[PDB]
Amino acid sequence: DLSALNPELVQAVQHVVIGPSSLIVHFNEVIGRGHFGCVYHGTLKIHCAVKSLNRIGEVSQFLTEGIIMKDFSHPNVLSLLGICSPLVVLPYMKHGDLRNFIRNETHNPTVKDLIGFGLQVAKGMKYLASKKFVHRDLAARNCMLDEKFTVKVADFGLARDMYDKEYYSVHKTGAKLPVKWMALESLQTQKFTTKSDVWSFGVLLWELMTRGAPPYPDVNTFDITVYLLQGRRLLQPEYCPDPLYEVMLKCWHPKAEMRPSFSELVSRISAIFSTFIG
Ligand SMILES: COc1ccc2c(OCc3nnc4ccc(-c5ccccc5)nn34)ccnc2c1
């Protein structure tokens, strides 16, 4: 129903919609499980990941969401190939999510590699933030790697889901929130900003430098606000450089407006990264 869309967006429908004859989808093996649906191998011949929304609004809104997301193009942001319940068609990310990749006893990223994964995330977020887009759920689980180990910020738009339900807690609005990645003010208000994405990014850097350790494991869910207000932050991982820890502390500034922009994070991290060999 093209009449129900913003007249500005009608021309973009032909570029976001995938005709079912162009897409093969392999429902025989699940590759990813989200709360809203499963993910499967797909051949579009380009390799893709096809996300079902089986488990789950306005069809017009679903399309506008897809049109917004398809226009996003950055090497460190997961693209939308198109839509085909509607199926979400995404580039295939061979090496899965960042957290599982750094936890994997196969592959041996160096400290330089790990900082580089962080830098890539920062550049993806710099792009997203320049598009005035707030991610709300930045974490290592929610970023992915392709065949060339290019890290991409994912889990947004039509790809948004809870892909690891363990790290989401019920608030009172029944919202299921990633409390251990959330900024102080967001835990209090449930409002998310680019500056709260910056807090989440600091936690992500910590994940990278610990190779995917769970943050605050001896804290129980929403008692995190209490824990933080005692004057606490995540401790410096053994292999995390001093200046990288200083960056994390800046990301966790009590005053949202004093946290660094993603541009500044790209600048600071590029510098630290350049000091390393191998
Ligand atoms: C080789 O195996 C896969 C599996 C799922 C994929 C995929 O699912 C959609 C998606 N979009 N954004 C995100 C962010 C995080 C996760 C995720 C999935 C499982 C476990 C943990 C996290 N999926 N995810 C997209 C593209 N490539 C994929 C490749």
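Please read every residue number as a count from 1 along the shown chain.
Determination method: X-ray crystallography, 2.0 Å.
Keep in mind that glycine also has a Cβ here, set from the backbone N, Cα and C atoms.
Database features, via Swiss-Prot:
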- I31, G32, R33, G34, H35, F36, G37, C38, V39, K51: ATP binding site (BINDING)
- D137: active site, proton acceptor (ACT_SITE)
- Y163: phosphotyrosine (MOD_RES)
- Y167: phosphotyrosine (MOD_RES)
- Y168: phosphotyrosine (MOD_RES)
- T221: phosphothreonine (MOD_RES)
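Annotation note: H35 (ATP binding site) sits in a coil segment as assigned by DSSP. The Cβ of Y167 (phosphotyrosine) has 20 other Cβ atoms within 10 Å, all protein chains considered. Counting Cβ atoms from all protein chains shown, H35 (ATP binding site) has 13 others lying within 10 Å of its own Cβ. With respect to their backbone Cα atoms, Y167 (phosphotyrosine) and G37 (ATP binding site) stand 18 Å from each other. Cβ atoms within 8 Å of the centroid of the Cβ atoms of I31, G32, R33, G34, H35, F36, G37, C38, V39, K51 (the ATP site) belong to the same-chain residues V30, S52, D161, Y163, site residues excluded.
When other Cβ atoms within 10 Å of the Cβ of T221 (phosphothreonine) are tallied across all protein chains shown, the result is 14. Checking the recorded positions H35, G37, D137, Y167, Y168, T221 for a CB within less than 6 Å of any atom of ligand 1 leaves no residue at all. Separating the Cα atoms of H35 (ATP binding site) and the residue listed as 'phosphothreonine' is a whole-number distance of 19 Å. By the criterion of other Cβ atoms within 10 Å of the residue's own Cβ, the least surrounded of the binding-site residues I31, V39 is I31.
Missing segment of 3 residues between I56 and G57: the endpoint Cα atoms are separated by 10 Å. Closest in space to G37 (ATP binding site), of the recorded positions given as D137, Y163, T221, is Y163, taking the CA atom of each residue.
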